[PDB]
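Quick notes on the structure that follows.
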Amino acid sequence: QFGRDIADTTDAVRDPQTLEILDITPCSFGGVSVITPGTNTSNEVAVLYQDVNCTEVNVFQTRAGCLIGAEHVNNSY
Amino acid sequence: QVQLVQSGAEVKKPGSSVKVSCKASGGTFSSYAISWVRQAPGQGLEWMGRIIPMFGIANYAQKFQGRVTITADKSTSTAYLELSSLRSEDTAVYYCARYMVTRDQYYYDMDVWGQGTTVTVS
Amino acid sequence: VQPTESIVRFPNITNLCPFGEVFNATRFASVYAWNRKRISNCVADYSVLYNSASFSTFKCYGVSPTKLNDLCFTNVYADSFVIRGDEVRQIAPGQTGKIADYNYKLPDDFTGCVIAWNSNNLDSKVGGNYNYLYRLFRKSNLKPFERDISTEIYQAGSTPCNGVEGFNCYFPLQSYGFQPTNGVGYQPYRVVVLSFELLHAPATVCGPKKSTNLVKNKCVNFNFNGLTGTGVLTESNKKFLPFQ
Amino acid sequence: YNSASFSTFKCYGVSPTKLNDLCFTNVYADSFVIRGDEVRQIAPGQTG
Amino acid sequence: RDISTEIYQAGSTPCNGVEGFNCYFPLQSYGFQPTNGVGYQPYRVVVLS
Amino acid sequence: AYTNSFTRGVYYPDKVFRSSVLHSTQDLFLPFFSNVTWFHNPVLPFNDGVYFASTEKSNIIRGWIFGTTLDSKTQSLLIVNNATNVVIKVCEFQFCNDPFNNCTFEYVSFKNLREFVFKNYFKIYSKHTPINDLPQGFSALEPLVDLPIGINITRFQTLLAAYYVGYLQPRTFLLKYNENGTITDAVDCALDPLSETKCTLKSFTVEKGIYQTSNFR
Amino acid sequence: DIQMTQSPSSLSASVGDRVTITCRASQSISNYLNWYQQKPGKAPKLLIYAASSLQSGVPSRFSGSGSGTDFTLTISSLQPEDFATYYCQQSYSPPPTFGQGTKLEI
Amino acid sequence: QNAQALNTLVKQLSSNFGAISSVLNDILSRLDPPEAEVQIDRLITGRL
Amino acid sequence: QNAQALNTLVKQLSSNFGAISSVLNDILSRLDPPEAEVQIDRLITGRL
Ligand SMILES: *[C@@H]1O[C@H](CO)[C@@H](O)[C@H](O)[C@H]1NC(C)=O
Ligand SMILES: *[C@@H]1O[C@H](CO)[C@@H](O)[C@H](O)[C@H]1NC(C)=O
Ligand SMILES: *[C@@H]1O[C@H](CO)[C@@H](O)[C@H](O)[C@H]1NC(C)=O
Ligand SMILES: *[C@@H]1O[C@H](CO)[C@@H](O)[C@H](O)[C@H]1NC(C)=O
Ligand SMILES: *[C@@H]1O[C@H](CO)[C@@H](O)[C@H](O)[C@H]1NC(C)=O
Ligand SMILES: *[C@@H]1O[C@H](CO)[C@@H](O)[C@H](O)[C@H]1NC(C)=O
Ligand SMILES: *[C@@H]1O[C@H](CO)[C@@H](O)[C@H](O)[C@H]1NC(C)=O
Ligand SMILES: *[C@@H]1O[C@H](CO)[C@@H](O)[C@H](O)[C@H]1NC(C)=O
Ligand SMILES: *[C@@H]1O[C@H](CO)[C@@H](O)[C@H](O)[C@H]1NC(C)=O
């Protein structure tokens, strides 16, 4: 009727009405991290929503999370 | 316990508006509902409305709504009725009766009635 | 260093708390629409409530009766109402039943005294005392201390009420039926409930005073308005704004 | 509960409104025929 | 529940299992003719404990 | 009409002295840079509390009314300046359509800007400052009144001409108490991600880096 | 909602006799009904306050043989006072409607 | 790190841990010893 | 060592620490609020 992960977290279920099989994934969550220069330099900030897809929140999708308010640039410092 | 006592009879004209009243004796209005009824001479009894003297909230049947209004004071255990547009058919004996709306989940048991007020035209 | 002396300081409040005006009151509003008197700027004697013996219940939460004169409170909400005798334990904080969920829910955690006595000899009546009522229908159970005096008709099914009683159409409240002939569970009881308040400690409601003088520049135990500790009290350069 | 046909639905420590979602392992039933004006004698705590 | 219908004694007179004065049959009929008033008519009944 | 609140409407949140410290507190406050309806008469809602502020030459604003309906048969209160004193009452008074009974309680106690905060039992905070249209400077409001009157309020009205009204909301504020225990600056922790950062590490300057302020869920 | 009627229009009887009267209405009334009597112009008095239940202090001169709707009241050993006019009344819904009444003759 | 560790240790004196008040002199001022033990055991468990 | 430490920290969510159940949403269903806090203080103290 239901399925477990290696650590005994429940991660699938039957619908009891149509006996097809559903995966359960947690609702997305993660640390909101504020990237800031020193306040002495500027009051501008950029915000990293760690480990989410930007659709769920300039905007940029880093491998660390959705980064907002920072412009992506190609030349590397 | 209590007995209801009531205003004397009135002789009136068509198109008039009128006043009657009822009050406790041998007791007081301890949150009973009180209600008004017409006896047209030899017909069935007609219910006019409800009032509760403890809270002042009141209701009317559509037959009497706007034609009648009623009020009460717990301060002197007394209830009041006024009626308007008299004598389309309104020659009747008017009665109060109490019932205990705050005693059980059952209602309109008119166990005590007023002395009766005739309102009529002559 | 151990405290040399014990200090107590209170204000110039010599007038007594009006507790007679809620304990000795000809009118207690019934359970559906309970009374509340806010006590302020005055001195009580809560020991009188145990020195006298007329009470059936004298039950305290977050405080104990004996040491009480040793506290001062911001305010007291002295709540006051009349009940049948058996259901007196419903009041105790969070215990549920018909009185608690539809009339007088005390808060989950409560800092007060619940105090009650049989009133049969003064407020039983040969008509059943239909002046005193309790609510037994509501569309939801109330929040703590919430008062609701509304009397509009309730429904226990689809059946439309349109503001009047009938089958499935309910007046929300009824009397206990306090005839002088009753079992002690159905006899009327007076109740009051003292909710205390210990916030920022600006105490205006007090126990018996008996305050003491100051000591400076040596170690003492102290009490100011019920706030208490041990310390070397000194004159200070602290420029408090006048309300602090 | 919503049957037009039913003429009496007295509930003893229960309600029809709360019954539908109420779970009960064991509370049995009986069927019989009656003269209508003495049907009250089914109820608890009375004689007849 | 009780289906017993042997004759019931209502006095000093012996029944010997057979009816007579103070020797009575334990069941009585409701007598449902169609020409009966609304409280006297038959009703179907169900009870849940 | 409308105006920017700027950083105004901070008040001393408790009867406590503090100095040389940053203290973080949750209360009803005017949220920073909030829209403040501007007027120059009407009955207005009283959603939780109000920052009210005004400017006049002849002290044109003389008082306020608060209550459920601002009419008889239900509870209400009035505050009026009487030149010699400030007068306060709670009453079933049947107010007119534009004024400028049975009372339960009574109490007595364009180059200038006055500020007041009203919130529920009923509390008043105040300030007075010169001005030369609400000014972007910072100044905290000191209490005046802390009345135990317990009135139910949903609406209020003003007795008389420029004045501004802004509703308080539940917010967390970081408050900077100076060496003399004056509140001299503040951060509204829900305003913007920098203000949320200033709160999470409790400082008004933040050094460069990356700071976890909050959890999205 | 509910209309009512009451039957028969009148009857004639003797003191100590048994006599029966009926309510009728548009709908099921769930036993929420009352019964009353008067002499003409006098203050009325209640007998029964459900389909069957007799009011306290009323003598056992009455019974309510009914259930659900269209009820009956019986007189039981008819008194000279039972020369009164009789009324039924539904309490099931507002307005609490009365029947047209009936007369008993001695 | 040592200043932030001590200011965490000292601010943990202000936490209730589920006792009626985190000021130990409140509990001792308010409650009789059999009631105070239940509350003080809860502050001790938290502070320890 | 790290996978065993995280899997042990996650397995410890199924442990009940002397409370009536390890599923916190069942405690809030089967028990009344004043006693549910006593049961949740066990789960919090265990998990913490
Ligand atoms: C940074 O801020 C401090 C405090 O105001 C000031 O002393 C310093 O000069 C500032 N430096 C720069 C580069 O802004
Ligand atoms: C989720 O993120 C990926 C990049 O990792 C992106 O390509 C994809 O479009 C996102 N999905 C949705 C539904 O937005
Ligand atoms: C960065 O590089 C990508 C891939 O060559 C290109 O599409 C994009 O236009 C560049 N952006 C900038 C700002 O140079
Ligand atoms: C009621 O009044 C009498 C007279 O003062 C007093 O002795 C008694 O104590 C009173 N009740 C209370 C609350 O003390
Ligand atoms: C104030 O309201 C106006 C619209 O009237 C809106 O454009 C503006 O963004 C609002 N300002 C704030 C700070 O929300
Ligand atoms: C306050 O008054 C308003 C008047 O409309 C009413 O709706 C509301 O229920 C009242 N609230 C309280 C807490 O009394
Ligand atoms: C204070 O205000 C009231 C407002 O009605 C007024 O009657 C009174 O005269 C005023 N006092 C003085 C001294 O002017
Ligand atoms: C005036 O106050 C009394 C206090 O008992 C109250 O009964 C009455 O309803 C009030 N009337 C008005 C019009 O406020
Ligand atoms: C503190 O107050 C004194 C006056 O009492 C003043 O001289 C001093 O400048 C103030 N200090 C600050 C930092 O505001």
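Identifiers for the structure tokens are assigned positionally: chains receive A, B, ... in sequence, residues are indexed from 1 per chain, and ligands are indexed from 1 in the order shown.
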Would you superpose chain I on chain H, least squares on all C-alpha atoms in order, and hand back the fitted chain as a short mmCIF file (atom, residue, chain, number, x, y, z; two decimals) with N, CA and C atoms, in the first residue's frame?
```
data_model
loop_
_atom_site.label_atom_id
_atom_site.label_comp_id
_atom_site.auth_asym_id
_atom_site.auth_seq_id
_atom_site.Cartn_x
_atom_site.Cartn_y
_atom_site.Cartn_z
N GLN I 1 33.62 33.81 18.31
CA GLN I 1 33.02 32.53 18.69
C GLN I 1 32.90 32.38 20.21
N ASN I 2 33.93 32.77 20.97
CA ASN I 2 33.87 32.70 22.42
C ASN I 2 32.90 33.71 23.02
N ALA I 3 32.89 34.97 22.58
CA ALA I 3 31.90 35.93 23.08
C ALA I 3 30.47 35.51 22.73
N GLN I 4 30.23 34.98 21.54
CA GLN I 4 28.93 34.45 21.15
C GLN I 4 28.53 33.22 21.97
N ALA I 5 29.46 32.33 22.33
CA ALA I 5 29.17 31.19 23.18
C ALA I 5 28.83 31.61 24.61
N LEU I 6 29.60 32.49 25.25
CA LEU I 6 29.27 33.00 26.59
C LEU I 6 27.96 33.79 26.57
N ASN I 7 27.75 34.70 25.62
CA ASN I 7 26.50 35.44 25.55
C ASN I 7 25.32 34.52 25.28
N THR I 8 25.47 33.43 24.53
CA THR I 8 24.39 32.45 24.40
C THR I 8 24.14 31.70 25.70
N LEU I 9 25.18 31.27 26.41
CA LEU I 9 25.03 30.62 27.71
C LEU I 9 24.32 31.53 28.72
N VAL I 10 24.59 32.83 28.70
CA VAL I 10 23.92 33.80 29.58
C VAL I 10 22.50 34.09 29.11
N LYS I 11 22.24 34.25 27.81
CA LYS I 11 20.86 34.41 27.30
C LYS I 11 19.98 33.23 27.69
N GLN I 12 20.53 32.01 27.69
CA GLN I 12 19.81 30.82 28.12
C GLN I 12 19.37 30.83 29.59
N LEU I 13 19.81 31.76 30.44
CA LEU I 13 19.21 31.94 31.76
C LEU I 13 17.81 32.57 31.71
N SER I 14 17.50 33.37 30.70
CA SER I 14 16.16 33.97 30.52
C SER I 14 15.14 33.01 29.91
N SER I 15 15.58 31.90 29.31
CA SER I 15 14.70 30.88 28.73
C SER I 15 14.03 30.07 29.84
N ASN I 16 12.74 29.74 29.69
CA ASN I 16 11.97 29.11 30.76
C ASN I 16 11.79 27.59 30.62
N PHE I 17 12.17 26.95 29.51
CA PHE I 17 12.18 25.49 29.35
C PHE I 17 10.85 24.79 29.69
N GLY I 18 9.73 25.48 29.48
CA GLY I 18 8.38 25.00 29.81
C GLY I 18 7.94 25.22 31.27
N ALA I 19 8.82 25.72 32.14
CA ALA I 19 8.46 26.15 33.48
C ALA I 19 7.64 27.45 33.46
N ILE I 20 6.92 27.74 34.55
CA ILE I 20 6.05 28.94 34.65
C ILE I 20 6.79 30.27 34.49
N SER I 21 8.08 30.35 34.85
CA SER I 21 8.91 31.55 34.68
C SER I 21 10.39 31.17 34.63
N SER I 22 11.23 32.01 34.04
CA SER I 22 12.68 31.85 34.07
C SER I 22 13.35 32.52 35.27
N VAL I 23 12.64 33.34 36.05
CA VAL I 23 13.17 33.94 37.28
C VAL I 23 12.91 32.98 38.44
N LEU I 24 13.93 32.29 38.93
CA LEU I 24 13.74 31.21 39.90
C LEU I 24 13.16 31.72 41.23
N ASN I 25 13.52 32.93 41.64
CA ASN I 25 12.97 33.60 42.82
C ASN I 25 11.46 33.93 42.70
N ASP I 26 10.90 34.04 41.49
CA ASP I 26 9.45 34.15 41.31
C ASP I 26 8.77 32.80 41.50
N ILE I 27 9.34 31.69 41.04
CA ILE I 27 8.73 30.36 41.24
C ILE I 27 8.56 30.09 42.73
N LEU I 28 9.62 30.32 43.51
CA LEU I 28 9.60 30.17 44.97
C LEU I 28 8.66 31.15 45.69
N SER I 29 8.20 32.22 45.02
CA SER I 29 7.21 33.15 45.55
C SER I 29 5.78 32.75 45.19
N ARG I 30 5.49 32.55 43.90
CA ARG I 30 4.12 32.36 43.39
C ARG I 30 3.58 30.93 43.50
N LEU I 31 4.43 29.95 43.82
CA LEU I 31 4.07 28.52 43.86
C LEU I 31 4.45 27.87 45.20
N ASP I 32 3.65 26.90 45.64
CA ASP I 32 3.90 26.13 46.86
C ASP I 32 5.07 25.14 46.71
N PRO I 33 5.82 24.81 47.78
CA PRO I 33 7.01 23.96 47.71
C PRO I 33 6.92 22.64 46.92
N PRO I 34 5.90 21.78 47.06
CA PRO I 34 5.88 20.50 46.35
C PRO I 34 5.75 20.66 44.83
N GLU I 35 5.04 21.69 44.35
CA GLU I 35 4.95 22.01 42.93
C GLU I 35 6.12 22.87 42.44
N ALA I 36 6.68 23.75 43.28
CA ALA I 36 7.88 24.51 42.95
C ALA I 36 9.06 23.60 42.60
N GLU I 37 9.23 22.45 43.26
CA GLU I 37 10.26 21.48 42.86
C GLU I 37 10.06 20.95 41.44
N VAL I 38 8.82 20.74 40.99
CA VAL I 38 8.54 20.30 39.61
C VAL I 38 8.93 21.38 38.60
N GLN I 39 8.64 22.64 38.91
CA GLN I 39 9.01 23.78 38.07
C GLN I 39 10.52 24.02 38.07
N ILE I 40 11.19 23.90 39.21
CA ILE I 40 12.64 24.06 39.30
C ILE I 40 13.36 22.88 38.65
N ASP I 41 12.86 21.65 38.69
CA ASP I 41 13.46 20.56 37.92
C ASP I 41 13.48 20.85 36.42
N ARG I 42 12.51 21.58 35.87
CA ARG I 42 12.59 22.07 34.48
C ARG I 42 13.70 23.09 34.31
N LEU I 43 13.79 24.13 35.15
CA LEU I 43 14.88 25.10 35.02
C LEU I 43 16.25 24.46 35.20
N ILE I 44 16.43 23.60 36.19
CA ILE I 44 17.68 22.86 36.37
C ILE I 44 17.95 22.02 35.14
N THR I 45 17.01 21.22 34.64
CA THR I 45 17.25 20.36 33.47
C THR I 45 17.60 21.18 32.23
N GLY I 46 16.94 22.31 32.02
CA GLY I 46 17.24 23.22 30.92
C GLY I 46 18.62 23.85 31.04
N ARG I 47 18.90 24.52 32.15
CA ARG I 47 20.18 25.18 32.41
C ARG I 47 21.33 24.19 32.43
N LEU I 48 21.15 23.01 33.00
CA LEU I 48 22.16 21.96 33.02
C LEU I 48 22.47 21.44 31.63
#
```
- Write down, as number ranges by chain, each residue of chain A that has any atom within 10 Å of an atom of chain I, counting only C-alpha atoms. A: 6-9
Please dump the current selection as an mmCIF file, in the first residue's frame; keep N, CA, C and O atoms.
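File produced: part06.cif:
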```cif
data_model
loop_
_atom_site.group_PDB
_atom_site.id
_atom_site.type_symbol
_atom_site.label_atom_id
_atom_site.label_comp_id
_atom_site.auth_asym_id
_atom_site.auth_seq_id
_atom_site.Cartn_x
_atom_site.Cartn_y
_atom_site.Cartn_z
ATOM 1 N N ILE A 6 15.514 4.083 2.114
ATOM 2 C CA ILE A 6 16.561 3.376 2.873
ATOM 3 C C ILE A 6 16.531 3.722 4.371
ATOM 4 O O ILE A 6 16.718 2.851 5.218
ATOM 5 N N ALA A 7 16.264 4.986 4.704
ATOM 6 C CA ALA A 7 16.157 5.503 6.069
ATOM 7 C C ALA A 7 14.726 5.455 6.651
ATOM 8 O O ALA A 7 14.416 6.181 7.590
ATOM 9 N N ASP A 8 13.826 4.648 6.087
ATOM 10 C CA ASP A 8 12.424 4.499 6.516
ATOM 11 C C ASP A 8 11.563 5.780 6.451
ATOM 12 O O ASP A 8 10.496 5.860 7.058
ATOM 13 N N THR A 9 11.972 6.773 5.657
ATOM 14 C CA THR A 9 11.080 7.857 5.211
ATOM 15 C C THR A 9 10.088 7.290 4.201
ATOM 16 O O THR A 9 10.506 6.652 3.239
#
```
- Nearby residues, ligand 4, 8 Å, only C-alpha atoms and all ligand atoms, as a PyMOL selection string: chain C and resi 19-24+48-49+52
- Selection within 10 Å of ligand 7 by only C-alpha atoms and all ligand atoms, output as a ChimeraX atom specification: /F:80-88,108
Residues from the last selection, N, CA, C and O atoms, saved as a JSON list (two decimals), in the first residue's frame:
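Listing of part_17.json after writing:
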```json
[["chain", "number", "residue", "atom", "x", "y", "z"],
["F", 80, "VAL", "N", -9.88, 65.16, 23.89],
["F", 80, "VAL", "CA", -9.89, 66.58, 23.49],
["F", 80, "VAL", "C", -8.88, 67.41, 24.28],
["F", 80, "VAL", "O", -8.82, 67.34, 25.50],
["F", 81, "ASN", "N", -8.13, 68.25, 23.58],
["F", 81, "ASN", "CA", -7.35, 69.33, 24.17],
["F", 81, "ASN", "C", -8.26, 70.48, 24.62],
["F", 81, "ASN", "O", -9.10, 70.96, 23.85],
["F", 82, "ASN", "N", -8.08, 70.94, 25.86],
["F", 82, "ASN", "CA", -8.92, 71.95, 26.52],
["F", 82, "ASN", "C", -8.13, 73.23, 26.86],
["F", 82, "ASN", "O", -8.48, 73.94, 27.81],
["F", 83, "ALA", "N", -7.03, 73.49, 26.15],
["F", 83, "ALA", "CA", -5.98, 74.48, 26.41],
["F", 83, "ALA", "C", -5.24, 74.30, 27.75],
["F", 83, "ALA", "O", -4.03, 74.08, 27.78],
["F", 84, "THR", "N", -5.96, 74.35, 28.88],
["F", 84, "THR", "CA", -5.44, 74.15, 30.23],
["F", 84, "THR", "C", -5.12, 72.69, 30.58],
["F", 84, "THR", "O", -4.37, 72.43, 31.53],
["F", 85, "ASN", "N", -5.68, 71.72, 29.85],
["F", 85, "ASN", "CA", -5.56, 70.28, 30.12],
["F", 85, "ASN", "C", -5.92, 69.42, 28.90],
["F", 85, "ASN", "O", -6.52, 69.91, 27.94],
["F", 86, "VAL", "N", -5.60, 68.13, 28.95],
["F", 86, "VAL", "CA", -6.09, 67.11, 28.01],
["F", 86, "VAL", "C", -7.20, 66.31, 28.69],
["F", 86, "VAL", "O", -6.98, 65.76, 29.77],
["F", 87, "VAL", "N", -8.38, 66.24, 28.08],
["F", 87, "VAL", "CA", -9.59, 65.60, 28.63],
["F", 87, "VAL", "C", -9.91, 64.32, 27.87],
["F", 87, "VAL", "O", -9.89, 64.31, 26.64],
["F", 88, "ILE", "N", -10.22, 63.24, 28.59],
["F", 88, "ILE", "CA", -10.53, 61.93, 28.01],
["F", 88, "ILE", "C", -11.82, 61.38, 28.65],
["F", 88, "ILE", "O", -12.00, 61.47, 29.86],
["F", 108, "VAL", "N", -8.34, 63.23, 33.13],
["F", 108, "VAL", "CA", -7.72, 64.50, 32.72],
["F", 108, "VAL", "C", -6.22, 64.48, 33.04],
["F", 108, "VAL", "O", -5.81, 63.90, 34.05]]
```
Give me, as a short mmCIF file (atom, residue, chain, number, x, y, z; two decimals) with N, CA and C atoms, in the first residue's frame, the set of residues whose atoms come within 9 Å of any atom of ligand 1, counting only C-alpha atoms and all ligand atoms.
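Final output, pocket-v5.cif:
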```
data_model
loop_
_atom_site.label_atom_id
_atom_site.label_comp_id
_atom_site.auth_asym_id
_atom_site.auth_seq_id
_atom_site.Cartn_x
_atom_site.Cartn_y
_atom_site.Cartn_z
N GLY A 38 30.01 45.06 1.97
CA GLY A 38 29.94 45.75 3.26
C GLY A 38 28.97 46.93 3.20
N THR A 39 28.20 47.19 4.26
CA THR A 39 27.25 48.32 4.28
C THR A 39 27.92 49.66 3.99
N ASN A 40 29.16 49.85 4.45
CA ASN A 40 30.02 50.99 4.08
C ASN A 40 30.10 51.21 2.56
N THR A 41 30.19 50.13 1.77
CA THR A 41 30.30 50.20 0.30
C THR A 41 28.95 50.43 -0.37
N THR F 205 25.71 48.07 10.86
CA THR F 205 26.65 47.78 9.77
C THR F 205 26.80 46.27 9.64
#
```
